[PDB]
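Only one chain is included here, represented as structure tokens and corresponding to the form deposited in one PDB entry.
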């Protein structure tokens, strides 16, 4: 088996291919958030090292993902993904309320719009 380091916590069946990966994962089961941001006057702490690294981009200003259309840079790949739909004009999320015919590019836009109807 390629992932032999198995979590033994109640309710969890996660498994990893390095012991250190299992060790970092298991700390969430006791509520640990050992990855604290060391920027001045920032009390943010995270259970995962990649969560802290993503967070600190708001301090450093590093944006490693660039739009091939307008050359704007973004700190997160998923935010670049939804951004590119502003150029394609794709609106995959349609409101189904009668005589509305509204369409939206992001899923949470439809959620907020659905709550407007009620």
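In this text, rigid core is short for the largest set of C-alphas that superpose within 1.5 Å between two forms. Residue numbers count along the first chain shown, from 1.
Beyond what is shown, the protein has a form deposited in another entry; the following relates to that form.
The Cα position of residue 26 differs by 2 Å or more between the shown form and the other one after fitting on the rigid core. Shown in the overlay between the shown form and the other one, fitted on the rigid core, is a CA shift at residue 107 smaller than 2 Å. Whereas the displayed form keeps them at a certain spacing, the CA atoms of residue 36 and residue 21 lie at least 3 angstroms farther apart in that other deposited form. In that other deposited form, the separation between the C-alpha atoms of residue 23 and residue 77 grows by 3 Å or more relative to the displayed form.
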